[PDB]
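The primary structure of each chain is shown beneath.
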Amino acid sequence: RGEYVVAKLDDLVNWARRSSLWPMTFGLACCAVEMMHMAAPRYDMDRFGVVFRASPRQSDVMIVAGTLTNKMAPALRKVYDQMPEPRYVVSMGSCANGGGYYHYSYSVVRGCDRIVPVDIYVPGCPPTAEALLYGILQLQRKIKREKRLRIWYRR
Amino acid sequence: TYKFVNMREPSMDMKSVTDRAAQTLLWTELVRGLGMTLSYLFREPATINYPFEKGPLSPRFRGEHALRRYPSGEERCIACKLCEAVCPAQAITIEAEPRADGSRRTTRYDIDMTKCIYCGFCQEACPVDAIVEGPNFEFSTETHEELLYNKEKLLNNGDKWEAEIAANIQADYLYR
Amino acid sequence: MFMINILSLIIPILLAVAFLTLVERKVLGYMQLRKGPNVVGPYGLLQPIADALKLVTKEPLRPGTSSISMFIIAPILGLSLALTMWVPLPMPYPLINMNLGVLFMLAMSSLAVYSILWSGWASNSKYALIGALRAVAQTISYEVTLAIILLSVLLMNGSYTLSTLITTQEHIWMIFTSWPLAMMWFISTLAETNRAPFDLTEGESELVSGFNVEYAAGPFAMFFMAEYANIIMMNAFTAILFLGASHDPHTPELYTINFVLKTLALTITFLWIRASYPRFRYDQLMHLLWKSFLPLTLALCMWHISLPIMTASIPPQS
Amino acid sequence: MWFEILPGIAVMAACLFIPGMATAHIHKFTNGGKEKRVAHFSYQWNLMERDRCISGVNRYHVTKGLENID
Amino acid sequence: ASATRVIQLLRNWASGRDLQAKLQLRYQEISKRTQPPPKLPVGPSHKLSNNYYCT
Amino acid sequence: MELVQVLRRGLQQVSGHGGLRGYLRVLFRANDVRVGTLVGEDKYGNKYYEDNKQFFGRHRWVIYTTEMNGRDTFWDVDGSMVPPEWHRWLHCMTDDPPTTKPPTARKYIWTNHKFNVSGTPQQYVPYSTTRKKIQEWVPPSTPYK
Amino acid sequence: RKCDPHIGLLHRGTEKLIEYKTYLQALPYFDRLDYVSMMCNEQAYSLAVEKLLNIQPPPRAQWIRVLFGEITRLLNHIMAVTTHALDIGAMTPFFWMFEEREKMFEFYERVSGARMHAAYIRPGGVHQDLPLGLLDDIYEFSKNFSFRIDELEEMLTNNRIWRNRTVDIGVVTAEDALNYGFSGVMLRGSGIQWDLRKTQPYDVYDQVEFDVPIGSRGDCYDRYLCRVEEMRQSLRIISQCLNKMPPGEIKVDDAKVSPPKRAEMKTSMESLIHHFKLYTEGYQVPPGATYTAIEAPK
Ligand SMILES: COC1=C(OC)C(=O)C(C/C=C(\C)CC/C=C(\C)CC/C=C(\C)CC/C=C(\C)CC/C=C(/C)CC/C=C(/C)CC/C=C(\C)CC/C=C(\C)CC/C=C(\C)CCC=C(C)C)=C(C)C1=O
Ligand code: SF4
Ligand code: SF4
Ligand code: SF4
């Protein structure tokens, strides 16, 4: 039946997307250091299929790791625009989540969500590299639960 | 006491210069560089098998905030507002009101995880060990609003991680 | 079944290129005390298929300032030439037994730079144009020595046909006769394939992604196809030239196994050097050759010109 | 602990194996078992053309020796 | 997570040093994750007399 | 000599994991084939192994349960599937497993360790936990006028 | 020809928010200032506040401070050299030494409870004492760290590629460096014999014995060699601190600048009152101004 065929196509495409999540080298602050430590041998992003890649044209997930300030927010929004779809935003740290320590400052965006649609909120100051890996795996399951071709079949 | 890190003049004996020319032509330190990486590939990798294998922690680890309670069942919090008055990020909001029994307990105890800095200052300030930073750190959420913790959510965390948090405090209270 | 042979020289080559990415991300990672791709199935044997699927279903945006026509013709040029230059290789019996295989492969290798050229210029970017010019300089500098070294080495072959190399190295590897040139040749194979430590056309640290910076999804995967097919073909050519192997006319499978093993070893050394060095700085990789490689290779060219004559060892042309 | 690396080469080796054998086998199949005759010079091509002519069935690989002549 | 003797010689020769003596992986030499309870000392002002804060 | 023993214990790898079928089960699920002493098991089904010979970090590990709280976890697993009592032992925060040293029991402690409830309709929605502050006049009902 | 740096792309109003927070509340700000060297920032702030308060931390607190400052110097130098090689192009030493960096993060978390932002060094000493059995682990790690340093040297020191991208690349004159406000390595790397650990010793730095790696040419290669030698000398200082740990308390025995012990707070009137006031109001610093600086790993 057509539903089974589109189901299997959904599983294949979602598996590819979740098993080759290519992130972006967009570290901003101390939350980037853990972003490096999970790339360090101990946790090693590489075994999970995730390999760092600059040039947003060839990346899927943006881990906004660090404080997002007013002077940088236009750059972050523009760079998010460069990403071809599908795209995902993982927010690392309290600063990139809702403001963190400098939530009441004059030149800090009170949450990265106000600029891009954040897909996964990873809490911490900074989050432990295990916690960030957990957030990435949660995003992976999110991609696994996508129903693109199913919705197309029931257009 | 100081040392000259790069103050070495190379010897100009015929043997020395022959060795330098051999290293230049027949790449020698380059071969050493290859050999080092060969030696480490043959070595054991350091990666752990997350999530089936977890990196080591300590009983002092700071994670998800949680409200504890006495063994009787009554909450430890008495709304003294030390944690709210000491939080560097002003992430705690407390509203108190005398309960029906008479004990002073928070009618609202909200901790904003999206604004928290996980310093642990609240758990030091608490005179009754009511608010603690639990061992949990894998509590990422898909939406922002789920990170704005209420009193009920914090009490649920306290009731859930109580087995771990009681042991962690038991193994660390003597240092404090 | 000539079509059968042509398809058998394309699909296996593409599969080998796909698994080259996995073996690179594993060998490199094990250099760096990591484990490399491990989750997808057993030992990551599905990563090439996974990211292959992603790159051909991810949205292939076209920049508003691009030049559409060349932006599209460049990936086709790159992949077509990378695949075509596999046909004259004397894997037991070459598919296309050309009388001038070496010159043909030199011509197509020189053409392959034009893919980089047109892709960089048509993308309308500062980084892309920078990378295109670095590619210009790198490939011209290294092409001069490529041609001279090929002449010097093949002077003992007697002609430019690739198959006779097997006859030439019947009793001894050619590397024992021209080990100096071989070193230089290896370095040239590192640079013409635009790999480390000469991968300045991409320059991930300083040029973000170089000439692939505006290339997304399918065209990017295709330029990667061209690059890795060129890597494997260059290592195969180096194995054919210097590290000859025994060839039983009745069982060509023995020569197939030996040749494949030598190509695998040469490629593994490519990934080895990629993970053990810093990166060159533009002019240096030029000043390395125009001032150290070119004079030495000219002298070796004169030496190998004279050598058959002084020893009465001129190889036959037939 | 690099034996996990080994499968990647293994299958890849098979990949690099597939053409080298196939062409050879094809050269044996389409030319009657024997090696494909290579014409690097006009003399070899003339020999091949005369073989095609003598064979009578218009295939050069089909060879005739003493039985053909009287 | 131990290498064979043949491998150890290859690693040692490729590096030129005894790697087995000083490894970057902690096997058993680490301190036990469970430790006896400590008794912290007191400071120099935990006196019951002549301890006026003016001084 | 060590080559032969090395080839041999690769067969103890398949023998320990309940034969070939269990060998591919653990290989495809937990991505490892290494064996270890069964330190314990929790009420949710996760199996808890330890091997002190492994270097610090992989001396203890979990094979997660196939099913927990009405959710198939044969293929998808996460770090929140660890019950609180065993999370201490797994993360090397203690050397006392719950089997030997069990955590103190109390009424308010839960009896079913819910995993990360994000995504599922059992999410957490923030809301004000306080009553009203200003009341209204609630005008009378008699027309009167 | 010209290279204008447009900083401010990460300008958090730290020096503005600090006023609105008490001295204890402002402590975590410095941990978040420099995220590769962390306990050094807290050490500088604590020294400033202690000098203003006219109090001194206990000797054990000073020794813990210098030990963890040298650990932090190890962290920062590892980051600097490894990411430097990555930017030049060599990426393997980054991972190789970041394994060790995770090993030191383990010490950070075991002592303070957080991997990165310890908030450990505080005005008056340190928060809590070292967990039992930590000196042994530090000794075990520092015993093998020399091999990793030597491997990094063998990877970068004599390579003709690294020795060409860093030799005579970015030379600075001595007087130009002094006038430009440079400090730390960029003085030590250009012949200027200056180091705050020796010239103006703070804490107990006048006890440990170490050598300052004075540079020669002032280029990038000389500064990299200086950083590696600073790593080795800091390893020596760590060995000395491990071998000379004194008994005593962890904070100044004054309940008006350091919170009382949790056992004393729940039993005695004065401890409870002082804990309440310190965690609600804080210690009143006498009026005045000071400028205190330390040889941070940068
Ligand atoms: C000082 O402060 C600093 C900060 O302070 C705040 C900072 O923030 C930052 C900034 C922060 C960062 C940069 C973050 C940190 C980043 C890192 C540490 C980087 C870590 C990187 C890694 C772990 C990964 C490195 C990568 C490696 C080792 C290898 C990569 C190589 C690859 C090959 C990857 C794979 C990619 C690709 C494209 C391959 C896949 C493609 C295929 C297989 C295609 C296959 C296709 C087929 C088979 C097709 C087949 C077709 C067939 C058969 C037929 C077709 C025909 C038809 C007709 C259809 C810095 C630097 C900083 O310094
Ligand atoms: S959330 Fe904490 S660690 Fe992350 S950038 Fe903000 S202050 Fe730094
Ligand atoms: S640990 Fe969290 S809740 Fe407690 S004071 Fe620090 S930021 Fe506030
Ligand atoms: S410090 Fe403790 S007792 Fe006081 S209000 Fe906060 S949680 Fe309640």
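Looking at the method and resolution fields of the entry, one finds cryo-EM and 3.4 Å.

S.K.: How do you make sense of the interface of chain B and chain F when you look at a structure like this?
M.R.: One frequently used descriptor of interface size is the decrease in accessible area upon assembly of the parts. On the side of chain F, 48 residues touch chain B, which itself brings 49 residues to the contact. When the buried surface of chain B facing chain F is broken down by residue, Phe52(B), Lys54(B) and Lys160(B) rank first, second and third, together holding 18% of it. A salt bridge links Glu53(B) to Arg58(F), with the nearest nitrogen and oxygen atoms 2.8 Å apart. Our enumeration of links across chain B and chain F arrives at 22 residue pairs in polar contact. Among the elements of the structure, β3 (92-98), β4 (104-112), β6 (148-149), α5 (151-160) and α6 (162-170) of chain B are those that each provide at least two residues to the side of chain B that touches chain F. In terms of residue count, the dominant contributor to the side of chain B that touches chain F is α5(B) (6 residues).

S.K.: Help me understand the packing of aromatic side chains, please; the structure alone is not making it clear to me.
M.R.: Two aromatic rings, taken as a pair, are described by how far apart their centres are and by the angle between their planes. Per the stated rule, a full pass over the model turns up 39 aromatic pairs over all chains. A ring pair is formed by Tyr101(A) and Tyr29(G), whose centres lie 3.7 Å apart and whose planes are at 10 degrees; its orientation type is stacked. On the criterion of chain membership, the pair formed by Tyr101(A) in the loop between α4 (93-97) and β3 (120-122) and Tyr29(G) in helix α2 (residues 27-31) is interchain, its members lying in two chains. A single burial state applies to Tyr101(A) and to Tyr29(G), both of which are buried. A centroid spacing of 5.9 Å and a plane angle of 10 degrees characterise the contact between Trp173(C) and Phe176(C), whose relative ring orientation is stacked. By relative accessible area, which is 35% here, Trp173(C) ends up partly exposed. The exposed category is assigned to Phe176(C), whose relative accessible area is 57%. Taken together through their ring pairs, the aromatic side chains of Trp22(A), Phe220(C), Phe224(C) and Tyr228(C) make up a single cluster. The side chain of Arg141(A) reaches across the aromatic face of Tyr134(A), ending 5.6 Å from its centre. Between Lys54(C) and the ring centre of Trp22(A), over which it is positioned, the NZ or CZ distance is 4.5 Å.

S.K.: Explain the site of ligand 4 here, please?
M.R.: Around ligand 4 there are 13 residues in total, and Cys77(B), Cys80(B), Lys81(B), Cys83(B) and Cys126(B) lie nearest to it. Looking at side-chain class alone, the shell around ligand 4 contains 12 nonpolar, no polar and 1 charged residues.

S.K.: Any chance you could explain the site of ligand 2 here in plain terms?
M.R.: By nearness alone, 13 residues border ligand 2, and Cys30(A), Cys31(A), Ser94(A), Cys95(A) and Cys125(A) come closest of all. Ligand 2 is flanked by residues contributed from chains A and G. With 3 residues, the top contributor of residues to the shell around ligand 2 is α4(A). For the shell around ligand 2, a count of residues per class yields 6 nonpolar, 6 polar and 1 charged.

What counts and how
- Residues numbered from 1 in each chain as written, not as in the entry; some residues may be left out.
- Chains lettered and ligands numbered in written order.
- Part of a larger assembly, values for the part shown.
- Heavy atoms only, no water.
- Contact = heavy atoms within 4.5 Å.
- Buried area = accessible area lost by both parts, 1.4 Å probe.
- Salt bridge = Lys/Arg side-chain N within 4 Å of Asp/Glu carboxyl O.
- Polar contact = N/O pair within 3.5 Å; in protein donor to acceptor, adjacent residues only side chain to side chain.
- Helix = DSSP H or I, 4+ residues; strand = E, 2+ residues; numbered from the N terminus.
- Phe/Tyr/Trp six-rings, centres within 6.5 Å; stacked < 30°, edge-to-face > 60°.
- Buried < 20%, exposed > 50% of the residue type's maximum accessible area, 1.4 Å probe, protein only.
- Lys NZ or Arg CZ within 6 Å of the ring centre and 35° of its normal.
- Near = heavy atom within 4 Å.
- Nonpolar A, V, L, I, M, F, W, Y, C, P; charged D, E, K, R; others polar.

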